[PDB]
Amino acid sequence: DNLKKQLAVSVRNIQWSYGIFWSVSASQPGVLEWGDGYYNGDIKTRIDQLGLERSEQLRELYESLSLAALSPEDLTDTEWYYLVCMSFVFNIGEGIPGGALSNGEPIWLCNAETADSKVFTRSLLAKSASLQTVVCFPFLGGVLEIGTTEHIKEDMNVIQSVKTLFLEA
């Protein structure tokens, strides 16, 4: 699809730090890759109703590193978490996105920064980005991930609220 506006409305509404849609590979069944995202976090360096520009710029920088443009020194540590997630690919069963696809239900990580590296492969990247809460759930034939620098106890109403905001955007 193109999911950019849906991701933006839903992340900005719940006021979390970022969202990613992990989509199933066209070529490799049961392999998740980066589909699209929205970055809603802090920046240190500077009609777009939904503030898509910084997300489009982080994407452009990722594409140039992986072979008003941003340079690497412009990013916060939270922006680097967002950008390096674009490189990640998950086998069904693998990590929190692969886990959520296989299990067919949410994985809600509180204290994500301390999660076992075999449950959450990104726990140390989360720690450097001050990301505390990370949530993955099956949605639209892929996996929707949201994370925040805030500590939020497991609340299935947040997931319901994102799916609804997403589908009505």
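Note that residue numbering follows the sequence shown and begins at 1.
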Could you tell me how many residues of the deposited sequence sit unmodelled between residue 67 and residue 68 (none, 1 to 3, 4 to 9, 10 or more)?
-> 10 or more
Sequence continuity check, residue 46 and residue 47 (deposited residues unmodelled) = 4 to 9
Out of 120-128 and 137-145, which stretch has the higher average CA B-factor listed in the record?
-> 120-128
For the C-alpha atoms alone, is the average B factor greater in 57-65 or in 96-104, going by the entry?
-> 57-65
Out of 115, 52, 32, 26, highest CA B-factor residue = 26
Using the B-factors in the PDB entry, rank residue 6's C-alpha atom against the chain and give the third, lowest, middle or highest.
-> lowest
Would you please rank residue 159 by its C-alpha temperature factor against the other modelled residues of its chain and give the third it falls in: lowest, middle or highest?
-> middle
